[PDB]
Ligand SMILES: NS(=O)(=O)c1ccc(CNC(=O)Cc2ccccc2)cc1
Ligand SMILES: [Zn+2]
């Protein structure tokens, strides 16, 4: 099946998922000088105070921290969005080296990792319906650079030992995703897709300008995870990122100048 290796990675995906070469694929390079400031953009509303995390899962491609999305407890609204988008999960993409790992790039610059907080539009009722819609998803993307540690990330890195291999899950309640956000909510936004198969073109991407910093020890712990299942040959979960895709007929908008 698809993955991130030489024989099943991003260059192969189009054979099973032809939309890989579609009109609104993600990630993209954000050319800061060509992004258009849009004063018609409302401020972002991140409402995570009632967030209820449930579980953390190694799915063989990344690890997901899952939330209760059966009511409006943690939602994203405003910005470019119309309506209410419910937080379902967050996950990261990261590199084998500090100089690569993010999916979006900024003036071709790669960050060490990228956080994706995935939300779905409540007017579609469930996540499965949402991904079939052009405005079904809103993913909040946050770059990570290596430097000082991120205290709000530590609880996540300390549980990774318990989900080392594909298919492992562990209880992960009472985690506050507000601890992963930078100070500023200045953002760029563009219409794109899921960055893994099925690569559906259902995402309003909202990528924050300000990266968060994580420590070298923190990202090293990401790199100790496994793509494989228990009892299978060890393949380190690193470089689980999709490179930048053609922008084509899209303008990236900025919330700030
Ligand atoms: N990296 S990203 O933030 O763009 C990203 C990628 C994949 C997904 C998950 N998509 C699927 O698992 C498939 C699926 C389809 C229909 C019902 C359920 C699942 C979420 C977010
Ligand atoms: Zn992602």
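Matching residues to (1) in contact with a helix residue (DSSP H, G or I) (Cβ under 9 Å, 6 or more places away or on another chain); (2) more than 19 Å from residue 113 (Cα to Cα):
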{"residue": "153", "(1), (2)": "yes, no"}
{"residue": "172", "(1), (2)": "yes, yes"}
{"residue": "206", "(1), (2)": "no, no"}
{"residue": "228", "(1), (2)": "no, yes"}
{"residue": "244", "(1), (2)": "no, no"}
{"residue": "248", "(1), (2)": "no, yes"}
Quick check on the stretch 6-27: of everything there that is in a helix (DSSP H, G or I) and free of Cβ contacts under 8 Å to residues at least 40 places away in the same chain, which residue is farthest from residue 245 (Cα to Cα)? 15
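Could you tell me which of the residues 166, 257 is over 20 Å from the mean Cα position of the chain (by Cα) and part of a loop (DSSP other than H, G, I, E, B)? Explain how you work it out, then say what you get.
Working: 166 fails: over 20 Å from the mean Cα position of the chain (by Cα).
One residue alone meets the criteria, 257.
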Can you tell me which residues in the stretch 127-152 are part of a helix (DSSP H, G or I) and within 16 Å of ligand 2 (Cβ to nearest atom)? 127, 130
Give me the pairs, please: first residue somewhere in the stretch 149-172 and at positive phi, second residue anywhere and not in a loop (DSSP other than H, G, I, E, B), beta-carbon distance under 9 Å, and either six or more positions apart or on two chains. 167/57; 167/58
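Taking strands (runs of 3 or more DSSP E) that do not extend beyond the stretch 34-112, which have at least 2 residues that are more than 23 Å from residue 124 (Cβ to Cβ) and within 16 Å of ligand 2 (Cβ to nearest atom)? If you could, list the steps in order and put the result at the bottom.
Working: elements: 44-47, 53-58, 63-67, 75-78, 85-94.
Passing ranges, in order: 53-58, 85-94.
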Hey, any hits in the stretch 187-205 for a residue that's away from ligand 2 (no atom under 16 Å from the Cβ), surrounded by fewer than 16 Cβ atoms within 10 Å (Cβ to Cβ) and under 21 Å from residue 105 (Cα atoms)? no
Conditions (1) more than 21 Å from residue 87 (Cα to Cα); (2) assigned to a strand (DSSP E or B); (3) within 16 Å of ligand 1 (Cβ to nearest atom); number of the one not met by residue 243: (2)
Output for the stretch 45-62, where each listed residue is without any contact (Cβ under 8 Å) to a residue 40 or more places away in the chain and surrounded by fewer than 16 Cβ atoms within 10 Å (Cβ to Cβ): 45, 50
Right, residue 118: in a strand (DSSP E or B) and within 12 Å of ligand 1 (Cβ to nearest atom) or not? yes
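Readers should treat all values here as calculations from the given coordinates under stated rules, not as data from a laboratory. Because the Cβ atoms are built from the backbone with ideal geometry, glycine has one as well, and the counts that use them run over all protein chains shown.
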